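Visitor: Below you will find the structure I want to go over with you.
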Amino acid sequence: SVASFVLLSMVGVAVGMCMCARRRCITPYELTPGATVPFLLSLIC
Amino acid sequence: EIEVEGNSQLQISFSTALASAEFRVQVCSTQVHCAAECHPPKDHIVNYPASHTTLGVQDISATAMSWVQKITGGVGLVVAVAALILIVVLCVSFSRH
Amino acid sequence: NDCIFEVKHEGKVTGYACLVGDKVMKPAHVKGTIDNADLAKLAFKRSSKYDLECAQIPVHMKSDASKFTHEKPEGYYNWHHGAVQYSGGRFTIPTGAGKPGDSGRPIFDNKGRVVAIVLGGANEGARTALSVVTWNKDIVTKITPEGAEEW
């Protein structure tokens, strides 16, 4: 039980960090009036 | 104690509770590392106390603990990827002003 | 010119929000809601590093959106409170031209294109520089003249 809980907690932490990194990367681009974004970042998101 | 002469082989009997018996034996201050996979007995109940000590919390698990290592390594790799991405994004945001 | 919207927290105007390109934005440091009920109900994206809240303009305001441009040469730009001098990579006006409470005012070029939105200013000597946000075509950047007071 504790091992499964720890693994799930680590997975959730990784997901949260990835979402936070994605939001921080996307924020500068959703505030520029030009609708410009690199295609690589679009594939990432 | 054993009686030894020349170049030969000697037989010893041992008992353990470990699924994977990895131990060392000293004979005349010479050490040998023995390793084996042990199988559970088929007789459920016996009339004599166990000759081996119980296994604790450190000398635990079997040789097929590599599943634990693999799962820990995979989850740690995922966590490391997430942390590396977060570090890169934070460094970019800190450098940018 | 149709880049003017009221924001109220006590019932008075506290800041300004506008229509540019394909999006609405307002400074996030101004308390209150948009006067237009159509715009205040939208879902806004909010960033504190640039102090801004933004959303997408509905279709029916395609005629209301103003033009924008990233290129910004040296010289004079125009806004509601007279004109501003952009030089040395920095917007300035002379001392005391701005007063607190006027934040949200965009800065326009000679063609009427928005190039910056003021958030504050700080006075050195006889001239006061402006802490605003502007945009490389890529990202929204903020210029602060070694610290400035909020409007």
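Ordering of the structure tokens sets the chain letters (A, B, ...); residue numbers start at 1 within each chain; ligands are numbered from 1 in the order shown.
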Just asking: which residues within region 8-51 of chain C are alpha helix (DSSP H) according to DSSP, as a ChimeraX atom specification?
Guide: /C:37-40
Visitor: Can you work out which residues from chain A touch chain C at a cut-off of 9 Å (counting only C-alpha atoms) and hand them back as a PDB file with C-alpha atoms, in the first residue's frame?
Guide:
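Result written to iface06.pdb:
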```
ATOM      1  CA  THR A  27       1.726  32.420 -20.814  1.00  0.00           C
ATOM      2  CA  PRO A  28       4.136  34.727 -22.741  1.00  0.00           C
ATOM      3  CA  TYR A  29       2.533  33.619 -26.026  1.00  0.00           C
ATOM      4  CA  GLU A  30      -1.144  34.002 -25.097  1.00  0.00           C
ATOM      5  CA  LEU A  31      -0.557  37.674 -24.208  1.00  0.00           C
ATOM      6  CA  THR A  32       1.102  38.845 -27.456  1.00  0.00           C
ATOM      7  CA  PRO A  33      -1.524  40.177 -29.908  1.00  0.00           C
ATOM      8  CA  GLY A  34       0.192  38.407 -32.803  1.00  0.00           C
ATOM      9  CA  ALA A  35      -0.973  34.792 -32.963  1.00  0.00           C
ATOM     10  CA  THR A  36       2.564  33.455 -33.345  1.00  0.00           C
ATOM     11  CA  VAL A  37       3.846  30.250 -31.740  1.00  0.00           C
TER      12      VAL A  37
END
```
Visitor: Write down, as a PyMOL selection string, each residue of chain B that has any atom within 10 Å of an atom of chain C, counting only C-alpha atoms.
Guide: chain B and resi 93+96-97
Visitor: So that I can see what lies close to region 98-103 of chain C, please list as a count of residues only the residues with an atom at most 7 Å from it, counting only C-alpha atoms and leaving out residues fewer than 6 positions away in the same chain.
Guide: 7
Visitor: List every residue of chain A that has an atom at most 10 Å from any atom of chain B, and for each one report the closest atom pair and its distance in Å to one decimal, counting only C-alpha atoms, with rows sorted by chain and then by increasing residue number, as a tab-separated table.
Guide:
```
residue	atom	partner	partner_atom	distance
A:3	CA	B:68	CA	9.7
A:6	CA	B:75	CA	10.0
A:7	CA	B:75	CA	7.0
A:8	CA	B:75	CA	9.3
A:10	CA	B:79	CA	6.8
A:11	CA	B:75	CA	7.2
A:12	CA	B:79	CA	9.6
A:13	CA	B:79	CA	7.7
A:14	CA	B:82	CA	5.3
A:15	CA	B:82	CA	7.5
A:16	CA	B:82	CA	8.7
A:17	CA	B:82	CA	6.0
A:18	CA	B:82	CA	5.7
A:19	CA	B:86	CA	9.4
A:20	CA	B:86	CA	7.6
A:21	CA	B:86	CA	5.3
A:22	CA	B:89	CA	8.4
A:23	CA	B:89	CA	9.9
A:24	CA	B:89	CA	7.1
A:25	CA	B:89	CA	6.9
A:28	CA	B:93	CA	9.8
```
Visitor: Distance CA of residue 17 (chain C)-CA of residue 105 (chain C), one decimal place?
Guide: 8.0 Å
Visitor: What is the distance between CA of residue 31 (chain B) and CA of residue 59 (chain B), in Å to one decimal?
Guide: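 Spanning CA of residue 31 (chain B) to CA of residue 59 (chain B) is a straight-line distance of 19.8 Å.
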Visitor: How far is it from CA of residue 6 (chain C) to CA of residue 65 (chain C), in Å with one decimal?
Guide: 16.6 Å
